[PDB]
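Okay, so we've got the same protein chain twice, two forms, each given alone as structure tokens, structure 1 and structure 2.
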Structure 1
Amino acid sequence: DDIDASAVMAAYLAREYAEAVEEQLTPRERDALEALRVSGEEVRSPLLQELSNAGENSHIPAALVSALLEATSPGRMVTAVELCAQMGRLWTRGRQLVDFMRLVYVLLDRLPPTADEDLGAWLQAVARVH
């Protein structure tokens, strides 16, 4: 009982998969990925403030992601992405590793049909500013 075997496995698979996906991103998608990182970094502080305002379920964040994606803009999609990223930082061992992947599933499952062209044009505008 000296190590959280699940947490150690989650770290290995998470990094390998992170690099596996990044490997297969086109040049254009790599630009969008860096734009998303900046966009998510800008909204992070406002997001944590609203969440801390109402601070205390895995359904709650899933419900917020769903509301943010309710037929939506690039700004709300980015906010939903960063919310998942912040829940991921809190759900780092044991039974919390289940709620994170499901939360991401809600994100991707609830995306609008036009997500690709909407974010492509928006994140490019992010690249212009920064």
Structure 2
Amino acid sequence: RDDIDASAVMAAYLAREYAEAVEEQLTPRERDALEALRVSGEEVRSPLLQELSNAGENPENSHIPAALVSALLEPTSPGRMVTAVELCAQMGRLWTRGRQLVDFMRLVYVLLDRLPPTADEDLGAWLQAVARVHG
């Protein structure tokens, strides 16, 4: 049990150091948005990928999340944008061991490369929508 998954340790380190750095700069309303994404993150977006990845410890099937993200961001809606983000976070929770890190990074890249310019406005719109409906 002295074996070290270098890829895993390095990814965890960099992810936390970047997460904490960004969080320190966020505005109060940006912080409210982050919490809302956490709350929405507990609603499983793809139970099929939850079960399939519950199995294992092909690469063709590791592409399904990226294809779904791209499909969600293709004439899109704020809801589909948040849904794409939440799907990525949820695959992150399953794709923790070293050899899966490659698939996870592609997934996030597909996400952030295919966002709309209206993302800043749409996320503000989504936040106020969920707040007004649930508040």
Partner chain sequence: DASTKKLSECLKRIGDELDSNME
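Quick note, the numbers are simply positions in structure 1, starting from 1. C-alpha atoms forming the largest set that superposes within 1.5 Å between two forms make up the rigid core.
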property: Identity of the form solved without the partner chain, given as 1 or 2; result: 2
property: CA of residue 84, rigid core aligned, shift of 2 Å or more between structures 1 and 2; result: no
property: Core-superposed comparison between structures 1 and 2, residue 47 Cα displacement 2 Å or beyond; result: yes
property: Core superposition result - C-alpha of residue 122, shift between structures 1 and 2, Å; result: 1.6
property: Once the two forms are fitted on their core, CA shift of residue 93 between structures 1 and 2 in Å; result: 2.2
